[PDB]
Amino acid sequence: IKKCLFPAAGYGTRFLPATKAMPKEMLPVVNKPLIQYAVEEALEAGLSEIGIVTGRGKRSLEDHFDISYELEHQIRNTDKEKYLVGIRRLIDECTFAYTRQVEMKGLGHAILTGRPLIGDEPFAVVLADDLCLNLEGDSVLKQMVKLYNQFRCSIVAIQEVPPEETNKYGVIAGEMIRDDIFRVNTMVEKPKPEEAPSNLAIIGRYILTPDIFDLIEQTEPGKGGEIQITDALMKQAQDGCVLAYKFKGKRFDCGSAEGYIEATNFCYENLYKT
C-alpha cells in the first residue's frame, strides 16, 4: 500500500470568513497547516503518493505543496533548515495529484470522486480536520498500515466518547478480536443518542480496499442528505471484513471551534516552544 487520499472539499462552515478562500484543512495550528500534519503522517507510514480532493479554496492546497520559487529566492539566506525541513521533505519525497469535487454530496461521494487517482489498489483516507498526534510512538496512520498487512481488510480508527456527544460522529458496534481491535457488524452516522448502538465513534483515519468504490456507487443518501462513507463501509462489513481499531495517541476535533483552540494551545507548549 502506497497511496493516501485527502478529502478537502467541505463547506468548512465553523471557520468563516477565514475559510472563504481556503479550506478548513488549511487552517494553521500555530504555524503548520492542519493538512501538512496529515501528509507528514502518511509519509511516515510509507504512503508517498498523495491524492487531494479539492473544492472551495482548492488553490490554497496546491500553492502550499508546490516548489515556491518566490519563497525560494526570498529565503536565499537559509534558515529554511529551521522551518521548512518538514514541508521540503514532502515536496521531494511525495507526489501530489489533485482532482476537483464539483458538487458536495458527502464524504462518500468525495472518496468516490478520487477513484481515478487510486484505481485498483488499497488506499488510505485521511480527514485532516481530525489532528492526530503520537509523539510517543508511531502515528495513527502507521498503526493502521501495519494492521492492514496483517488483516488485509478495511480498517477504521475509533475511540470512546461521551454518550451525549455521540450524534456528532459515526459509531460502530461489533465483537472484539483483540485488546483494541473489533469485527464491525453495524455502523451508523450521527445517530440519536437514544438509538446510539455504541460509544465507539470513528475518527477520520480509514484504510480502504478498492471494492469500496463499487459499494459507494450503491449507497443512497443518508444522514443530512449526503452519501456517507459510514453507510458504504456498513455494506462492506456484511459481505466482507471491516475492523474498528482504537488507536494509540492524541486526537483533537479541529472541525469544531473548541477543538481547534485546544489543538493550537497544545501544539504551542509541546511542539512550538521546543
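We number the residues from 1 along the sequence you see.
- Higher mean CA temperature factor, per the PDB entry, when comparing 54-62 with 243-251: 243-251.
- The PDB entry records a higher mean C-alpha B factor for 81-89 than for its counterpart among 81-89 and 112-120.
- The top Cα temperature factor in the record, among 68, 31, 219, 36, falls on 219.
- Residue 169 sits in the highest third of its chain by CA B factor, as recorded in the PDB entry.
- Residue 230: CA B factor in the highest third of modelled residues in this chain (values from the PDB entry).
- The deposited CA B-factor of residue 46 belongs to the middle third of values across its chain.
- Per the deposited record, the Cα B-factor of residue 237 falls in the highest third when ranked against the other modelled residues of its chain.
- The deposited CA B-factor of residue 192 belongs to the highest third of values across its chain.
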